[PDB]
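One structure is given below, encoded as structure tokens.
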Ligand SMILES: [Ca+2]
Ligand SMILES: [Ca+2]
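Protein chains in written order, with the entry's author numbering: chain B, 12 to 224; chain A, 1 to 181, 186 to 224.
See below:
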């Protein structure tokens with residue numbers, strides 16, 4: 012768990028602000044919010060959010076039972092956490108939430124799935140709530156994509172990781188279907204979200220926010 | 001520690017420390033502007049618009065110690081601090097003028113600016129972008145590291161509140177803090197659009213941290 016967090020820090024050159032900004036803007040008018048964490052993985056984003064809202068309810072969704080198993084141990088004995096092994100793109104959510112949040116997961120969906128997930132997220136928020144996606148975004152042109160990737164590879168190659176850990180992470184990134192940030196902000200606006208904004212951006216890493224009011 | 005020949009200068013150092021106390025994302029704000037400032041020559045011609053005490057230029061000289069710099073500012077006092085910052089260095093020019101109205105005749109590899117353009121009226125912003133395009137060399141780049149307005153009242157309040165928090169805990173005197181609480189800031193997309201309108205390509209927001217954004221465009 013610690014080992015999974017410390018490794019993640021080595022692929023994410025803006026780790027502290029990336030997760031710190033996502034937590035800072037995650038404010039709702041309940042100190043007991045119901046939070047849905049899409050592609051929760053080992054539950055790192057939900058953990059940062061639990062520091063801010065210790066009495067929140069969390070629903071972690073992930074295809075990986077293994078990741079979720081790490082999350083359950085991370086959250087040992089916390090009865091306010093629910094775990095669902097499923098593809099959150101396909102899952103029929105029937106509860107309503109104060110927050111729908113995600114880190115580094117939505118860029119793996121086909122573009123049509125992204126668009127529809129943004130749309131569906133609006134409908135499963137309570138009559139009030141927020142959406143936060145801290146995710147990878149594609150360069151606006153091929154030159155900007157190359158710029159973003161060059162800087163990120165420089166960081167990864169110098170993060171302390173071995174040649175084989177570097178190459179393995181590069182292999183994992185071949186399934187990415189990232190798209191331009193602005194196109195994703197447009198899909199949130201088109202879904203009905205207001206106060207739509209990119210709050211944080213560091214080359215390909217962006218924290219995107221919307222509010223249902 | 002710079003890896004180039006600098007002359008120590010007490011005054012410009014003190015101004016640098018205070019700016020870091022007003023800017024919560026200081027390292028990355030300036031760090032990113034320098035990462036993206038890449039052109040082929042090792043002696044680029046760089047224009048610094050609203051250069052102040054020369055801080056953005058000094059960061060850029062780390063990466064390009066033999067570049068030629070032209071600092072433009074309405075303030076002679078700011079510019080004098082810059083001259084003493086770059087004491088000796090023979091390749092810095094200083095011009096006291098409103099960079100938004102001055103007739104630039106040379107061409108540059110880079111037009112850069114930090115925290116200054118948001119003080120211009122919108123029509124002057126729009127027009128500065130058009131004209132910066134004109135005075136750039138082929139493959140030249142435009143960088144503006146600046147304040148942007150929140151997209152809505154709610155996001156504006158979020159940005160301000162975060163900043164005010166930092167600023168009350170960063171070590172600034174209650175004077176300095178109030179000596180800072186002028187702005188015609190506007191939303192980021194509108195500025196990106198204005199760069200595209202002036203002819204820039206590869207227009208992108210490279211970095212953003214609430215109201216602080218580093219915007220980029222290139223002439224090709
Ligand atoms: Ca299974
Ligand atoms: Ca004068």
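For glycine and all other residues, C-beta sits at the position ideal for the given N, C-alpha and C.
Residues of chain B whose Cβ lies closer than 9 angstroms to the Cβ of residue 207 of chain A are, in chain order, 151, 152, 155. For residue 93 of chain B, the pairing in a beta bridge is given by DSSP as B:70.
The residue from B:62, B:138, B:60, B:209 with its alpha-carbon nearest to that of residue 224 of chain B is B:138. Contact check between the segment 112-122 of chain A and the segment 46-61 of chain A: three or more CB pairs, one atom from each, fall below 8 angstroms, which counts as touching. Taking CB atoms only, residue 112 of chain B has no neighbour in chain A less than 9 angstroms away. Taking a C-beta cut-off of 7 angstroms against chain A, none of the residues of the segment 38-53 of chain B qualify.
DSSP places residue 102 of chain A in the coil class of the three-state scheme, outside both helix and strand. In this structure the segment 203-216 of chain B lies against the segment 149-167 of chain B, because at least three pairs of beta carbons, one per stretch, are closer than 8 angstroms.
Between residue 106 of chain A and residue 46 of chain A, the alpha-carbon positions lie close to 11 angstroms from each other. Relative to the non-hydrogen atoms of ligand 1, the Cβ of residue 80 of chain B never comes closer than 8 angstroms to any of them. Excluding its 5 nearest sequence neighbours in each direction, residue 197 of chain B has no C-beta neighbour in its own chain below 7 angstroms. Rounded to the nearest whole angstrom, the CA to CA distance from residue 128 of chain A to residue 95 of chain A is 17 angstroms.
For the pair residue 155 of chain B and residue 218 of chain B, the CB atoms are not nearer than the 9 angstroms cut-off. Taking CB atoms only, residue 211 of chain B has a neighbour in chain A less than 9 angstroms away.
Set against 8 angstroms, the gap from the CB of residue 175 of chain A to the closest heavy atom of ligand 2 is not smaller. Think of a sphere of 7 angstroms around the beta carbon of residue 158 of chain A: the chain B residues whose beta carbon falls inside it are 36, in chain order. Residue 71 of chain A is a Cβ neighbour of residue 54 of chain A, given a cutoff of 9 angstroms. Closest in C-alpha terms to residue 146 of chain B, from the list B:177, B:193, B:179, comes B:193. For residue 139 of chain A, the enclosing beta strand (DSSP E) starts and ends at 136-147. In this structure the segment 68-87 of chain A lies against the segment 7-26 of chain A, because at least three pairs of beta carbons, one per stretch, are closer than 8 angstroms. The DSSP-derived three-state label of residue 204 of chain B is coil. Distances from the CA of residue 190 of chain B to each of B:74, B:19, B:64, B:119 were compared; the closest alpha carbon is that of B:119.
Rounded to the nearest angstrom, the gap between the Cα atoms of residue 178 of chain A and residue 30 of chain A is 24 angstroms.
Those residues that bring their Cβ nearer than 6 angstroms to a heavy atom of ligand 2 are A:76, A:96. Around residue 73 of chain B, no beta-carbon contact reaches into chain A at under 8 angstroms, the shortest distance being about 29 angstroms. Against chain B, a Cβ distance below 9 angstroms from residue 28 of chain A picks out 25, 28, 213. Think of a sphere of 9 angstroms around the beta carbon of residue 177 of chain A: no beta carbon from chain B falls inside it, the nearest being about 21 angstroms out. Nearest to residue 43 of chain A by C-alpha distance, out of A:80, A:110, A:157, A:78, is A:110. Residue 22 of chain A and residue 171 of chain A have their C-alpha atoms some 10 angstroms from each other. Within chain A, the residues whose beta carbon sits less than 7 angstroms from that of residue 162 of chain B are 35, listed in sequence order. In the three-state scheme derived from DSSP, where H, G and I count as helix and E and B as strand, residue 34 of chain B is classed as helix. For the C-beta of residue 20 of chain B, not a single chain A residue is nearer than 8 angstroms; the gap to the nearest is close to 16 angstroms. Separation of the CB atoms of residue 151 of chain A and residue 207 of chain B is rounded to 7 angstroms, and the pair is thereby assigned contact status at 8 angstroms. Nearest CB-CB separation between residue 58 of chain A and chain B: not below the 9 angstroms threshold. Residue 220 of chain A is a Cβ neighbour of residue 141 of chain A, given a cutoff of 9 angstroms.
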